[PDB]
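# Overview (structure and organization)
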Amino acid sequence: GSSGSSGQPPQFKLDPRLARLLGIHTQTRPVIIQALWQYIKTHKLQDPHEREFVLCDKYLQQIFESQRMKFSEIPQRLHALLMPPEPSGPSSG
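Here is what the cut-offs are and how they apply
- Residues numbered from 1 in each chain as written, not as in the entry; some residues may be left out.
- Heavy atoms only, no water.
- Helix = DSSP H or I, 4+ residues; strand = E, 2+ residues; numbered from the N terminus.
- Buried < 20%, exposed > 50% of the residue type's maximum accessible area, 1.4 Å probe, protein only.
- Contact = heavy atoms within 4.5 Å.
- Polar contact = N/O pair within 3.5 Å; in protein donor to acceptor, adjacent residues only side chain to side chain.

Structure determination for the deposited model, as stated in its record, used solution NMR.

Written out as C-alpha cells, the structure is:
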C-alpha cells in the first residue's frame, strides 16, 4: 500500500473491454475497484456457492476469464485491466 503525495493522483487506464463495461475511461484504483464492486453488488455477481467468491458474468468471463474467483482475487486481476495511461516509445508491439 502506497498512495501518491503532492501531485497528480494515481490513475490507471481501463482495458478496452472494461473501459466500456464500467465506462470509466481512466480513474484511480480506489475509484475503479469501487465502480467494479458496485457491479458485483448491482449485478449480484456474488457466487451462489460461496460468500467470498464471485462468479464473473458473461462479460467478466471475457475480461477476467475466471468462472469463479475470490473477492480478494478481484484486485489481483485488476492490475491486468489497469494499464499505464502513458507512452513509452514509438511503434507499438
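## As for the environment of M69
With respect to the helices and strands, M69 occurs in strand 4 (residues 69–70). Taking relative accessible area as the criterion, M69 reaches 4% and is therefore assigned buried. Here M69 is in contact with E52, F53, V54, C56, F64, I74 and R77, once residues within four sequence places are set aside.

## So, the side chain of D47
Relative to the assigned elements, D47 resides in the loop between helix 2 (29–42) and strand 3 (53–54). With a relative accessible area of 1%, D47 lands in the buried category. Engagement of the side chain of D47 in a polar contact is seen with the side chain of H49, the distance being 3.1 Å. Contacts of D47, omitting those with residues within four sequence positions, involve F53, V54, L55 and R68.

## Some remarks on the environment of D15
Here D15 lies in the loop between strand 1 (11–14) and helix 1 (18–21). Counting along the chain gives 59 residues from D15 to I74, while the straight-line C-alpha distance between them is 15 Å. Contacts of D15, omitting those with residues within four sequence positions, involve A80, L81 and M83.

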